[PDB]
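Undergrad: Got a sequence here, can you build the structure:
(one chain, ligands or ions: 1)
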Amino acid sequence: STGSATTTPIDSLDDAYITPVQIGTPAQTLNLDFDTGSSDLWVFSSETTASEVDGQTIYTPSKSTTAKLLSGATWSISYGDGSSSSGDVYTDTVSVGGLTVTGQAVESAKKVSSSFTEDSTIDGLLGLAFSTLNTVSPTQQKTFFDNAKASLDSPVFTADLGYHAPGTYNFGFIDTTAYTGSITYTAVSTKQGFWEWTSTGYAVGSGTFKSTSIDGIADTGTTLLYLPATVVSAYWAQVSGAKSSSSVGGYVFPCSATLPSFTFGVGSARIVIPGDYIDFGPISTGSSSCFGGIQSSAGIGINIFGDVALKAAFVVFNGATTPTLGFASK
Ligand SMILES: Cc1[nH]ncc1CNc1ccn(C)n1
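TA: Numbering: from 1, shown residues only. The coordinates are given below.
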């Protein structure tokens with residue numbers, strides 16, 4: 001089997017991407033944030049505290065003939081941005097882009113943090129990191145990909161995120177029309193439950209490539225590119241008037257600037273992030289200070305190849321017995 005779904009930026013800054021997902025019988029279609037940095041499929045639901053729902057589409061398990069309470073199971077998750085959600089668990093039929101999993105754990109939110117309530121565009125998350133990070137207790141649950149894997153034509157999914165445009169998540173096949181040149185594969189560590197890999201270095205603009213190992217995660221559910229402070233300082237030093245602002249919470253730059261590109265290494269290959277991808281616009285409406293899309297990871301404890309980096313590539317998440325990542329230009 002295969003599946004293919006379009007993913008759409010939630011706003012003009014590509015802050016995140018939503019992908020329609022069919023849950024239950026008859027289908028209830030919710031727009032989920034596909035997150036390769038987490039391993040829970042959770043949704044706004046009929047159980048979510050009413051004051052914490054503001055425009056999201058909810059899953060109502062009582063209206064699904066295939067929903068079953070997973071008796072005793074709870075979940076609770078805290079994300080790197082300080083957001084959180086928790087609740088109970090159903091199993092149900094879940095389809096993505098024509099690919100169907102029966103018995104998928106659908107984590108029904110009883111509580112969500114303010115950032116989730118405030119984002120009317122995201123009805124929940126679909127985790128695509130390794131199932132070892134799933135938070136369901138006392139019986140840990142599998143991701144949608146892990147449940148689908150054995151049925152897929154090839155045990156892979158691909159992320160093809162757009163810059164200010166829709167893109168695609170494919171399951172079970174590699175669309176050889178969706179990228180240019182060849183796919184370069186690189187090793188993955190699953191020891192922290194992430195798609196963790198080592199970039200071979202970077203360049204700023206037309207500058208020379210610096211060969212240096214940068215361990216980080218491929219994370220579709222993180223907007224920005226978080227890299228070591230040395231690398232980030234080297235990037236923003238090429239932008240007149242850029243500075244790190246403790247009050248704003250990262251590097252800002254004059255909105256009048258033209259940003260340089262940023263290149264990262266994948267083995268001997270190179271992915272180029274155009275400068276425009278690094279512009280996250282005014283820090284507040286009407287400001288001439290713009291927020292940078294490359295930020296320090298120093299306060300995180302891990303480097304994160306988030307959407308800013310991933311949207312510059314066609315990315316293969318290879319879930320074979322020994323997982324690997326693939327990157328191609330596009
Ligand atoms: C959607 C999400 N993934 N991880 C945490 C969150 C909630 N907070 C944010 C911060 C920017 N946005 C769009 N949503």
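Undergrad: Longest helix in the protein, by number of residues?
TA: Determined from DSSP state H, the single longest helix within the chain is helix 229-236.
Undergrad: Who are the contact partners of residue 249?
TA: Neighbour list for residue 249: empty [criterion: CB atoms under 8 Å, 6 or more residues apart in numbering]. Backbone N, C-alpha and C define where each C-beta goes, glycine included.
Undergrad: any idea how far it lies from the ligand?
TA: 12 Å (CB to the nearest ligand atom, to the nearest Å).
Undergrad: Give the other helices and strands that the helix or strand just after the longest helix of the chain contacts.
TA: Counting by DSSP states H and E, the next helix or strand C-terminal to helix 229-236 is strand 243-245. Strand 243-245 is packed against strand 250-254, with contacts defined by 3 or more CB pairs under 8 Å, 6 or more residues apart in numbering; DSSP states H and E.
Undergrad: hang on, the earlier thing: between the longest helix of the chain and strand 250-254, how many degrees?
TA: Put simply, helix 229-236 runs at 10 degrees to strand 250-254, going by axes from the mean of the first three to the mean of the last three CA atoms, to 10 degrees.
Undergrad: Tell me which residues of helix 229-236 come out buried.
TA: 231, 232, 234, 235, 236 (16 or more other CB atoms under 10 Å).
Undergrad: Next: stretch 234-254.
TA: For stretch 234-254, by 16+ other CB under 10 Å, it's 234, 235, 236, 238, 239, 242, 244, 250, 251, 252, 253.
Undergrad: how about the closest residue to the ligand within the stretch 151-300 of the chain, what does it touch?
TA: Proximity of the stretch 151-300 of the chain to the ligand (CB to the nearest ligand atom) peaks at residue 221, 4.8 Å away. By CB under 8 Å, 6+ apart, the contact set of residue 221 is 16, 33, 34, 35, 36, 37, 38, 79, 125, 306.
Undergrad: What sits closest to it if chain neighbours are left out?
TA: residue 35 (3.0 Å; CB to CB, 6 or more residues apart in numbering).
Undergrad: Quick check: residues of the stretch 101-250 of the chain near the ligand?
TA: 115, 116, 119, 122, 221 (CB under 6 Å from any ligand atom).
Undergrad: Does the first one belong to a helix, a strand or coil?
TA: It stands for residue 115. The three-state label given to residue 115 by DSSP: H, G, I helix; E, B strand; the rest coil is helix.
Undergrad: want to try JSON lines for the contacts of residue 221, with neighbour count as columns?
TA: Listed next are the contacts of residue 221 as JSON lines, based on neighbours: other CB atoms under 10 Å:
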{"residue": "16", "neighbour count": "23"}
{"residue": "33", "neighbour count": "22"}
{"residue": "34", "neighbour count": "25"}
{"residue": "35", "neighbour count": "22"}
{"residue": "36", "neighbour count": "28"}
{"residue": "37", "neighbour count": "24"}
{"residue": "38", "neighbour count": "25"}
{"residue": "79", "neighbour count": "17"}
{"residue": "125", "neighbour count": "25"}
{"residue": "306", "neighbour count": "25"}
